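K.L.:
upload14.txt is reproduced below (compact mmCIF, N, CA and C atoms and all ligand atoms).
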# COMPACT_ATOMS: atom_id res chain seq x y z
N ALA A 1 20.07 138.43 -25.79
CA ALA A 1 19.51 138.02 -27.07
C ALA A 1 20.62 137.54 -28.00
N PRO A 2 20.26 136.81 -29.05
CA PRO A 2 21.19 136.37 -30.09
C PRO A 2 21.84 137.55 -30.81
N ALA A 3 23.11 137.38 -31.13
CA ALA A 3 23.94 138.39 -31.77
C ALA A 3 23.40 138.81 -33.13
N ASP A 4 22.62 137.95 -33.79
CA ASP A 4 22.07 138.34 -35.10
C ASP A 4 20.67 138.93 -34.97
N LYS A 5 20.24 139.33 -33.77
CA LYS A 5 18.93 139.98 -33.63
C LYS A 5 18.82 141.21 -34.52
N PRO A 6 19.79 142.11 -34.57
CA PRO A 6 19.63 143.27 -35.47
C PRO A 6 19.39 142.90 -36.92
N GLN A 7 20.06 141.85 -37.40
CA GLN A 7 19.86 141.51 -38.81
C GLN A 7 18.50 140.87 -39.03
N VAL A 8 18.06 140.06 -38.07
CA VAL A 8 16.71 139.50 -38.20
C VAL A 8 15.68 140.62 -38.22
N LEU A 9 15.87 141.57 -37.31
CA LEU A 9 14.91 142.67 -37.18
C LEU A 9 14.88 143.48 -38.48
N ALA A 10 16.06 143.75 -39.03
CA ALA A 10 16.11 144.47 -40.30
C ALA A 10 15.42 143.66 -41.39
N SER A 11 15.58 142.34 -41.37
CA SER A 11 15.02 141.52 -42.44
C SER A 11 13.50 141.52 -42.41
N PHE A 12 12.87 141.80 -41.27
CA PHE A 12 11.41 141.80 -41.19
C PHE A 12 10.77 143.16 -41.47
N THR A 13 11.57 144.20 -41.68
CA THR A 13 11.10 145.57 -41.78
C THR A 13 11.62 146.33 -42.99
N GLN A 14 11.91 145.65 -44.08
CA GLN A 14 12.22 146.25 -45.37
C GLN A 14 10.92 146.55 -46.11
N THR A 15 10.99 147.37 -47.15
CA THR A 15 9.77 147.74 -47.87
C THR A 15 9.26 146.70 -48.85
N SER A 16 10.04 145.67 -49.17
CA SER A 16 9.67 144.69 -50.18
C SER A 16 8.60 143.73 -49.72
N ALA A 17 7.85 143.14 -50.67
CA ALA A 17 6.92 142.08 -50.36
C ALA A 17 7.64 140.87 -49.74
N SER A 18 8.85 140.52 -50.18
CA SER A 18 9.46 139.35 -49.53
C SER A 18 9.76 139.64 -48.06
N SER A 19 10.11 140.86 -47.70
CA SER A 19 10.24 141.20 -46.27
C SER A 19 8.90 141.13 -45.55
N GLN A 20 7.83 141.73 -46.11
CA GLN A 20 6.50 141.58 -45.51
C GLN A 20 6.13 140.12 -45.31
N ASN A 21 6.45 139.29 -46.31
CA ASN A 21 6.07 137.88 -46.28
C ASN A 21 6.90 137.14 -45.24
N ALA A 22 8.18 137.52 -45.12
CA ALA A 22 8.97 136.86 -44.06
C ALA A 22 8.40 137.20 -42.68
N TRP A 23 7.99 138.45 -42.50
CA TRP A 23 7.39 138.84 -41.22
C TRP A 23 6.09 138.11 -40.98
N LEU A 24 5.29 137.94 -42.05
CA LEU A 24 4.00 137.27 -41.82
C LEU A 24 4.22 135.84 -41.36
N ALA A 25 5.19 135.19 -41.99
CA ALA A 25 5.48 133.81 -41.59
C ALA A 25 5.92 133.75 -40.13
N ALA A 26 6.75 134.70 -39.71
CA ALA A 26 7.22 134.74 -38.32
C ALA A 26 6.08 135.06 -37.35
N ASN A 27 5.19 135.98 -37.70
CA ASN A 27 4.07 136.41 -36.89
C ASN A 27 3.14 135.23 -36.62
N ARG A 28 2.99 134.35 -37.61
CA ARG A 28 2.11 133.20 -37.38
C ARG A 28 2.80 132.06 -36.64
N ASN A 29 4.12 132.05 -36.50
CA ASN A 29 4.82 131.07 -35.68
C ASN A 29 5.67 131.76 -34.62
N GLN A 30 5.05 132.59 -33.79
CA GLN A 30 5.80 133.47 -32.89
C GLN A 30 6.69 132.64 -31.98
N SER A 31 6.23 131.42 -31.70
CA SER A 31 6.95 130.59 -30.74
C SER A 31 8.36 130.26 -31.19
N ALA A 32 8.58 130.05 -32.47
CA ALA A 32 9.87 129.70 -33.03
C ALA A 32 10.90 130.81 -32.82
N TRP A 33 10.41 132.03 -32.57
CA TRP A 33 11.31 133.16 -32.39
C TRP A 33 11.48 133.62 -30.96
N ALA A 34 11.04 132.81 -30.00
CA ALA A 34 11.06 133.27 -28.61
C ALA A 34 12.44 133.68 -28.13
N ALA A 35 13.48 133.06 -28.70
CA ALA A 35 14.80 133.39 -28.18
C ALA A 35 15.14 134.86 -28.40
N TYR A 36 14.48 135.47 -29.39
CA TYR A 36 14.76 136.83 -29.78
C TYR A 36 14.00 137.86 -28.95
N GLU A 37 13.01 137.44 -28.19
CA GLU A 37 12.14 138.26 -27.37
C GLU A 37 11.66 139.50 -28.11
N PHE A 38 11.13 139.29 -29.31
CA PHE A 38 10.52 140.44 -29.97
C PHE A 38 9.20 140.81 -29.27
N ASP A 39 8.88 142.09 -29.35
CA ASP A 39 7.55 142.56 -28.98
C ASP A 39 6.61 142.31 -30.14
N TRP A 40 5.65 141.41 -29.97
CA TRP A 40 4.70 141.16 -31.05
C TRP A 40 3.37 141.88 -30.83
N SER A 41 3.33 142.88 -29.95
CA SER A 41 2.02 143.46 -29.69
C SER A 41 1.62 144.46 -30.77
N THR A 42 0.32 144.64 -30.96
CA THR A 42 -0.12 145.69 -31.91
C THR A 42 -1.48 146.25 -31.54
N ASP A 43 -1.75 147.54 -31.77
CA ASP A 43 -3.12 148.04 -31.61
C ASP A 43 -3.76 148.28 -32.99
N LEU A 44 -3.25 147.56 -33.99
CA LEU A 44 -3.77 147.66 -35.37
C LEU A 44 -3.72 149.13 -35.78
N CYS A 45 -4.75 149.64 -36.45
CA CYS A 45 -4.75 151.02 -36.97
C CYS A 45 -5.42 151.98 -36.00
N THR A 46 -5.47 151.62 -34.72
CA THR A 46 -6.01 152.57 -33.72
C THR A 46 -5.30 153.91 -33.79
N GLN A 47 -6.09 154.98 -33.83
CA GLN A 47 -5.65 156.36 -33.87
C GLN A 47 -5.17 156.79 -35.25
N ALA A 48 -5.49 156.01 -36.28
CA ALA A 48 -5.21 156.39 -37.66
C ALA A 48 -6.30 157.31 -38.19
N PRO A 49 -6.13 157.94 -39.33
CA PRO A 49 -7.21 158.74 -39.96
C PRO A 49 -8.42 157.86 -40.32
N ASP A 50 -9.56 158.51 -40.59
CA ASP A 50 -10.80 157.87 -40.95
C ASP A 50 -10.61 157.03 -42.22
N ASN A 51 -11.36 155.94 -42.35
CA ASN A 51 -11.31 155.00 -43.46
C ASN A 51 -12.76 154.67 -43.81
N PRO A 52 -13.45 155.67 -44.36
CA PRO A 52 -14.88 155.55 -44.66
C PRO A 52 -15.22 154.34 -45.52
N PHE A 53 -14.34 154.02 -46.48
CA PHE A 53 -14.62 152.91 -47.36
C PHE A 53 -14.20 151.59 -46.78
N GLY A 54 -13.54 151.55 -45.62
CA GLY A 54 -13.21 150.24 -45.06
C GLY A 54 -12.12 149.47 -45.74
N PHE A 55 -11.10 150.08 -46.33
CA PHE A 55 -9.99 149.33 -46.89
C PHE A 55 -9.26 148.54 -45.80
N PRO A 56 -8.92 147.29 -46.04
CA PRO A 56 -8.44 146.47 -44.94
C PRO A 56 -6.93 146.58 -44.72
N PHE A 57 -6.63 147.56 -43.87
CA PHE A 57 -5.26 147.93 -43.58
C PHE A 57 -4.77 147.35 -42.26
N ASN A 58 -5.51 146.46 -41.60
CA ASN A 58 -5.03 146.01 -40.29
C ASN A 58 -3.67 145.32 -40.37
N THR A 59 -3.44 144.49 -41.39
CA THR A 59 -2.15 143.78 -41.40
C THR A 59 -0.99 144.73 -41.64
N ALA A 60 -1.17 145.73 -42.52
CA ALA A 60 -0.14 146.76 -42.62
C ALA A 60 0.13 147.50 -41.32
N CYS A 61 -0.90 147.89 -40.58
CA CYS A 61 -0.71 148.56 -39.30
C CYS A 61 0.06 147.66 -38.31
N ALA A 62 -0.22 146.37 -38.38
CA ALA A 62 0.46 145.45 -37.46
C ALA A 62 1.95 145.40 -37.69
N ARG A 63 2.39 145.35 -38.96
CA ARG A 63 3.83 145.25 -39.21
C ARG A 63 4.47 146.59 -38.91
N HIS A 64 3.72 147.67 -39.14
CA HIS A 64 4.24 148.98 -38.72
C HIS A 64 4.41 149.05 -37.20
N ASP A 65 3.49 148.57 -36.38
CA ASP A 65 3.72 148.53 -34.92
C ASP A 65 4.92 147.68 -34.60
N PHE A 66 5.09 146.56 -35.30
CA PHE A 66 6.29 145.75 -35.04
C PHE A 66 7.57 146.54 -35.25
N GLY A 67 7.71 147.33 -36.32
CA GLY A 67 8.96 148.08 -36.51
C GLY A 67 9.13 149.15 -35.46
N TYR A 68 8.07 149.93 -35.20
CA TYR A 68 8.18 150.95 -34.16
C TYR A 68 8.53 150.36 -32.79
N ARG A 69 7.79 149.33 -32.35
CA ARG A 69 7.98 148.90 -30.96
C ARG A 69 9.34 148.26 -30.78
N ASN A 70 9.78 147.48 -31.77
CA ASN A 70 11.06 146.77 -31.64
C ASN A 70 12.29 147.65 -31.86
N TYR A 71 12.21 148.66 -32.73
CA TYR A 71 13.33 149.60 -32.87
C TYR A 71 13.37 150.55 -31.69
N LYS A 72 12.23 150.90 -31.11
CA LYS A 72 12.27 151.73 -29.91
C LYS A 72 13.00 150.99 -28.79
N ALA A 73 12.67 149.72 -28.66
CA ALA A 73 13.29 148.92 -27.58
C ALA A 73 14.78 148.72 -27.82
N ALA A 74 15.20 148.73 -29.08
CA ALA A 74 16.60 148.56 -29.46
C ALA A 74 17.36 149.87 -29.36
N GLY A 75 16.65 150.99 -29.26
CA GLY A 75 17.32 152.26 -29.04
C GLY A 75 17.76 152.84 -30.38
N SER A 76 17.10 152.40 -31.47
CA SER A 76 17.49 152.91 -32.77
C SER A 76 16.25 153.22 -33.62
N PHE A 77 15.26 153.75 -32.92
CA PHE A 77 14.04 154.20 -33.59
C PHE A 77 14.27 155.34 -34.56
N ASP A 78 14.97 156.40 -34.15
CA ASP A 78 15.15 157.57 -35.00
C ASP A 78 15.81 157.20 -36.33
N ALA A 79 16.84 156.37 -36.29
CA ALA A 79 17.57 155.98 -37.48
C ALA A 79 16.74 155.10 -38.42
N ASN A 80 15.72 154.40 -37.91
CA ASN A 80 15.03 153.47 -38.82
C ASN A 80 13.60 153.87 -39.13
N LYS A 81 13.06 154.90 -38.49
CA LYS A 81 11.68 155.31 -38.64
C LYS A 81 11.25 155.50 -40.09
N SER A 82 12.08 156.21 -40.86
CA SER A 82 11.59 156.53 -42.21
C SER A 82 11.44 155.27 -43.05
N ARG A 83 12.27 154.24 -42.82
CA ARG A 83 12.11 153.00 -43.55
C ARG A 83 10.81 152.27 -43.18
N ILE A 84 10.56 152.25 -41.87
CA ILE A 84 9.37 151.54 -41.35
C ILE A 84 8.12 152.23 -41.86
N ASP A 85 8.14 153.57 -41.89
CA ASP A 85 7.00 154.30 -42.44
C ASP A 85 6.81 153.97 -43.92
N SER A 86 7.89 153.92 -44.70
CA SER A 86 7.78 153.61 -46.12
C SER A 86 7.29 152.19 -46.34
N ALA A 87 7.72 151.24 -45.50
CA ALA A 87 7.29 149.85 -45.67
C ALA A 87 5.81 149.75 -45.40
N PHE A 88 5.35 150.59 -44.46
CA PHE A 88 3.92 150.70 -44.16
C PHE A 88 3.12 151.13 -45.39
N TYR A 89 3.62 152.18 -46.02
CA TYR A 89 3.00 152.64 -47.28
C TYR A 89 3.03 151.55 -48.33
N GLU A 90 4.15 150.87 -48.54
CA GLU A 90 4.24 149.78 -49.51
C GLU A 90 3.29 148.64 -49.14
N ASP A 91 3.17 148.30 -47.84
CA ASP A 91 2.19 147.29 -47.47
C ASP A 91 0.76 147.67 -47.85
N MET A 92 0.37 148.91 -47.54
CA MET A 92 -0.95 149.40 -47.89
C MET A 92 -1.17 149.40 -49.40
N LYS A 93 -0.18 149.88 -50.15
CA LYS A 93 -0.38 149.84 -51.60
C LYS A 93 -0.54 148.43 -52.11
N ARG A 94 0.13 147.43 -51.51
CA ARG A 94 -0.13 146.07 -51.95
C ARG A 94 -1.58 145.66 -51.68
N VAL A 95 -2.26 146.18 -50.66
CA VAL A 95 -3.68 145.93 -50.43
C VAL A 95 -4.47 146.54 -51.59
N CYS A 96 -4.09 147.76 -51.93
CA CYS A 96 -4.84 148.53 -52.93
C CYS A 96 -4.76 147.86 -54.30
N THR A 97 -3.73 147.04 -54.50
CA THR A 97 -3.57 146.34 -55.79
C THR A 97 -4.77 145.46 -56.10
N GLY A 98 -5.45 144.97 -55.05
CA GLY A 98 -6.62 144.15 -55.32
C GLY A 98 -7.86 144.91 -55.73
N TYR A 99 -7.84 146.23 -55.82
CA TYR A 99 -8.99 146.98 -56.28
C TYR A 99 -8.66 147.62 -57.63
N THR A 100 -9.63 147.73 -58.53
CA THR A 100 -9.26 148.46 -59.76
C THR A 100 -10.23 149.59 -60.07
N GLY A 101 -10.04 150.31 -61.19
CA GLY A 101 -10.92 151.44 -61.45
C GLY A 101 -10.89 152.48 -60.33
N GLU A 102 -11.96 153.22 -60.16
CA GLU A 102 -12.13 154.25 -59.15
C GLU A 102 -11.74 153.80 -57.74
N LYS A 103 -12.02 152.53 -57.47
CA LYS A 103 -11.79 152.01 -56.11
C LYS A 103 -10.29 151.99 -55.82
N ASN A 104 -9.48 151.73 -56.87
CA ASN A 104 -8.03 151.73 -56.68
C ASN A 104 -7.58 153.11 -56.28
N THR A 105 -8.15 154.12 -56.97
CA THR A 105 -7.75 155.48 -56.64
C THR A 105 -8.12 155.87 -55.21
N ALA A 106 -9.29 155.41 -54.77
CA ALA A 106 -9.77 155.74 -53.42
C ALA A 106 -8.91 155.06 -52.36
N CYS A 107 -8.54 153.82 -52.68
CA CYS A 107 -7.63 153.06 -51.81
C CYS A 107 -6.27 153.75 -51.71
N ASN A 108 -5.68 154.15 -52.83
CA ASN A 108 -4.36 154.80 -52.81
C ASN A 108 -4.37 156.11 -52.05
N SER A 109 -5.48 156.82 -52.17
CA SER A 109 -5.68 158.08 -51.47
C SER A 109 -5.75 157.89 -49.96
N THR A 110 -6.46 156.83 -49.55
CA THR A 110 -6.50 156.54 -48.12
C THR A 110 -5.14 156.08 -47.60
N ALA A 111 -4.44 155.29 -48.42
CA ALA A 111 -3.11 154.84 -48.02
C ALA A 111 -2.16 156.02 -47.88
N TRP A 112 -2.22 157.00 -48.80
CA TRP A 112 -1.33 158.15 -48.71
C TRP A 112 -1.64 158.94 -47.44
N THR A 113 -2.91 159.00 -47.06
CA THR A 113 -3.30 159.76 -45.87
C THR A 113 -2.76 159.07 -44.62
N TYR A 114 -2.85 157.74 -44.60
CA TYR A 114 -2.25 156.97 -43.50
C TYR A 114 -0.75 157.14 -43.41
N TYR A 115 -0.07 157.11 -44.56
CA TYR A 115 1.37 157.28 -44.62
C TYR A 115 1.79 158.65 -44.11
N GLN A 116 1.09 159.68 -44.62
CA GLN A 116 1.39 161.03 -44.16
C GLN A 116 1.20 161.18 -42.66
N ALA A 117 0.17 160.56 -42.10
CA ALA A 117 -0.11 160.74 -40.68
C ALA A 117 1.03 160.18 -39.83
N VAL A 118 1.57 159.02 -40.20
CA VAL A 118 2.65 158.49 -39.35
C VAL A 118 3.95 159.23 -39.63
N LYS A 119 4.09 159.73 -40.85
CA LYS A 119 5.31 160.49 -41.18
C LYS A 119 5.36 161.78 -40.38
N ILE A 120 4.22 162.44 -40.20
CA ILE A 120 4.17 163.69 -39.45
C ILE A 120 3.91 163.53 -37.96
N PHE A 121 3.07 162.61 -37.48
CA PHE A 121 2.89 162.53 -36.03
C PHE A 121 3.45 161.26 -35.40
N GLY A 122 4.12 160.41 -36.17
CA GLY A 122 4.59 159.14 -35.63
C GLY A 122 5.61 159.34 -34.53
CA CA B 201 -0.85 150.83 -34.55
Represent the structure of the file as structure tokens.
P.N.:
Amino acid sequence: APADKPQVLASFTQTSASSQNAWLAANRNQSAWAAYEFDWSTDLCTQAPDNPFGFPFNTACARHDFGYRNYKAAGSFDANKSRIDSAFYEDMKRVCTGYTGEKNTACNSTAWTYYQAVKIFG
């Protein structure tokens, strides 16, 4: 792989919206990154806690699978896990931003439950 693979990988897995956005752009043009042989697979939020209200967390789960699967393959999962989990939480809270009033609170509560689950059983 290219010598700057670690820096690219780090750039796609920060907690900021610009990092999420850089990953989204790459995810939609996977072909441009073939030289890097990233694992782009995801099972979305499979095996996550219940989401009775249906908050749309699939894209957050996808970027979280990207950090886990690619850092595991790089042999540096333990050192980067807590960042990937936090970026997951930040991604979910950006979803919750689109709801206001009571619904915002319900969204944040579901996001915290998702965050806690990967922090403890991830
Ligand atoms: Ca997943």
K.L.:
Could you give me the residues within 7 Å of ligand CA 201 (chain B), counting only N, CA and C atoms and all ligand atoms, as a list in words?
P.N.:
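Final answer, ordered by chain and number: residues 42, 43, 44, 45, 46, 47, 61, 62, 64 and 65 of chain A.
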K.L.:
Would you please work out which residue, of A:122, A:63, A:17, A:109, is nearest to residue 88 (chain A) when using all atoms listed in the file?
P.N.:
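Closest to residue 88 (chain A) of all the choices is A:63.
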K.L.:
Need to verify the contact set: residue 39 (chain A), 7 Å, only N, CA and C atoms, exclusion of same-chain residues closer than 5 positions in sequence. Can you return it as a PyMOL selection string?
P.N.:
chain A and resi 66+69-70
K.L.:
Based on the selection just made, write N, CA and C atoms of those residues as a PDB file, in the frame of the given file.
P.N.:
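Below is the file that was written, out_11.pdb:
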ATOM      1  N   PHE A  66       5.090 146.560 -35.300  1.00  0.00           N
ATOM      2  CA  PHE A  66       6.290 145.750 -35.040  1.00  0.00           C
ATOM      3  C   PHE A  66       7.570 146.540 -35.250  1.00  0.00           C
ATOM      4  N   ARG A  69       7.790 149.330 -32.350  1.00  0.00           N
ATOM      5  CA  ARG A  69       7.980 148.900 -30.960  1.00  0.00           C
ATOM      6  C   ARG A  69       9.340 148.260 -30.780  1.00  0.00           C
ATOM      7  N   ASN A  70       9.780 147.480 -31.770  1.00  0.00           N
ATOM      8  CA  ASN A  70      11.060 146.770 -31.640  1.00  0.00           C
ATOM      9  C   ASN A  70      12.290 147.650 -31.860  1.00  0.00           C
TER      10      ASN A  70
END
K.L.:
List the spatial neighbours of residue 86 (chain A) as a list in words - criterion: any atom at most 9 Å away, only C-alpha atoms, same-chain residues fewer than 6 positions off excluded.
P.N.:
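Answer for this query is residues 14, 15, 115 and 119 of chain A.
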K.L.:
Please, could you write that set of residues out with N, CA and C atoms as a PDB file, in the coordinates of the input?
P.N.:
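This went into part22.pdb:
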ATOM      1  N   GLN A  14      11.910 145.650 -44.080  1.00  0.00           N
ATOM      2  CA  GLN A  14      12.220 146.250 -45.370  1.00  0.00           C
ATOM      3  C   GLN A  14      10.920 146.550 -46.110  1.00  0.00           C
ATOM      4  N   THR A  15      10.990 147.370 -47.150  1.00  0.00           N
ATOM      5  CA  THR A  15       9.770 147.740 -47.870  1.00  0.00           C
ATOM      6  C   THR A  15       9.260 146.700 -48.850  1.00  0.00           C
ATOM      7  N   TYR A 115      -0.070 157.110 -44.560  1.00  0.00           N
ATOM      8  CA  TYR A 115       1.370 157.280 -44.620  1.00  0.00           C
ATOM      9  C   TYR A 115       1.790 158.650 -44.110  1.00  0.00           C
ATOM     10  N   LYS A 119       4.090 159.730 -40.850  1.00  0.00           N
ATOM     11  CA  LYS A 119       5.310 160.490 -41.180  1.00  0.00           C
ATOM     12  C   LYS A 119       5.360 161.780 -40.380  1.00  0.00           C
TER      13      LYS A 119
END
K.L.:
Atom N of residue 87 (chain A) and CA of residue 101 (chain A), how far apart in Å?
P.N.:
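Distance between the two atoms: 24.5 Å.
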K.L.:
Just want the 12 Å neighbourhood of residue 51 (chain A), counted on only C-alpha atoms, with same-chain residues fewer than 5 positions away dropped. Output as a compact mmCIF listing (two decimals) with N, CA and C atoms, in the frame of the given file.
P.N.:
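The file below, around-v2.txt, is the result:
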# COMPACT_ATOMS: atom_id res chain seq x y z
N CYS A 45 -4.75 149.64 -36.45
CA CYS A 45 -4.75 151.02 -36.97
C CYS A 45 -5.42 151.98 -36.00
N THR A 46 -5.47 151.62 -34.72
CA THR A 46 -6.01 152.57 -33.72
C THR A 46 -5.30 153.91 -33.79
N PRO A 56 -8.92 147.29 -46.04
CA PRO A 56 -8.44 146.47 -44.94
C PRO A 56 -6.93 146.58 -44.72
N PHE A 57 -6.63 147.56 -43.87
CA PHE A 57 -5.26 147.93 -43.58
C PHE A 57 -4.77 147.35 -42.26
N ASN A 58 -5.51 146.46 -41.60
CA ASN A 58 -5.03 146.01 -40.29
C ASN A 58 -3.67 145.32 -40.37
N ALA A 106 -9.29 155.41 -54.77
CA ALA A 106 -9.77 155.74 -53.42
C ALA A 106 -8.91 155.06 -52.36
N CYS A 107 -8.54 153.82 -52.68
CA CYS A 107 -7.63 153.06 -51.81
C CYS A 107 -6.27 153.75 -51.71
N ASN A 108 -5.68 154.15 -52.83
CA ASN A 108 -4.36 154.80 -52.81
C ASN A 108 -4.37 156.11 -52.05
N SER A 109 -5.48 156.82 -52.17
CA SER A 109 -5.68 158.08 -51.47
C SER A 109 -5.75 157.89 -49.96
N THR A 110 -6.46 156.83 -49.55
CA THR A 110 -6.50 156.54 -48.12
C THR A 110 -5.14 156.08 -47.60
N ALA A 111 -4.44 155.29 -48.42
CA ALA A 111 -3.11 154.84 -48.02
C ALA A 111 -2.16 156.02 -47.88
N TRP A 112 -2.22 157.00 -48.80
CA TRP A 112 -1.33 158.15 -48.71
C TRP A 112 -1.64 158.94 -47.44
N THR A 113 -2.91 159.00 -47.06
CA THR A 113 -3.30 159.76 -45.87
C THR A 113 -2.76 159.07 -44.62
N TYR A 114 -2.85 157.74 -44.60
CA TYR A 114 -2.25 156.97 -43.50
C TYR A 114 -0.75 157.14 -43.41
K.L.:
Smallest atom-to-atom distance to residue 90 (chain A): which of A:118, A:60, A:25, A:103, using all atoms listed in the file?
P.N.:
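So, comparing all the options, the nearest one is A:60.
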K.L.:
Mind the document's chain letters and residue numbers, and return as a PyMOL selection string the residues of chain A that DSSP labels helix (DSSP H, G or I).
P.N.:
chain A and resi 5-11+17-28+30-36+58-74+77-96+102-121
